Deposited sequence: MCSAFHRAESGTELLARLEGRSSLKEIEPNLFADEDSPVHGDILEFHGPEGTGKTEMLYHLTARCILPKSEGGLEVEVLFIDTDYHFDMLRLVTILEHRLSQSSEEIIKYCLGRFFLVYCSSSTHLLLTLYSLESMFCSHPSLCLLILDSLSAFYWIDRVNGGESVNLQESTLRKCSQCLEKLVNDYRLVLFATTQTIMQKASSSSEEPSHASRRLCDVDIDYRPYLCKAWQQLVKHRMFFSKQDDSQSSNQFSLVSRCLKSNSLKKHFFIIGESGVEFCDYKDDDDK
């Protein structure tokens, strides 16, 4: 299927799992919108015309925002064309990590059905961390067991259908590169690139893409406007 370089040229100078990590209002969901637009806009406009699945474990997917971004990306925007472009987009709502696991196991049966769905946004994987870590008790194995099962199902899905998994992890800890890992080690091993977000005081945003297999850091600067994400 499609390559990672064409998904967004600036981040990727080169079946991957990528993580977006950063505080609120740093553009993680907006970068996800930009990738969604680059994947669902038609070939005529300049998009890949491939279906994108978005998992709201956090319930912040603004449909109006995605439609605004699309309408601005098109040279000429119309209701019918926007509906066609959104027909490629799919949304799943997950209320709990158990609900996320069941949704993933059912999503296998739609990934088998849809060959063109190449990208899988999961916003945000950490949304059920705290809950998972209290009802599992003090035993680290129990508390992250369900999220470990979600991580294993995610790697199975991204390996079988060659999906590009763009996960968003909310930075919730300070670590006494602002990144303290907190998810299960069964998820960390899957991540290929970690992209850390920040905002400069507020239109300018800094992204740091660290490749784990090479531990290589690349710096990007981008802005968000009514168009979407524009890389400087």
Counting from 1 along the deposited sequence, give me every gap where there's no C-alpha, start to finish.
1-20, 35-40, 203-220, 246-249, 281-288
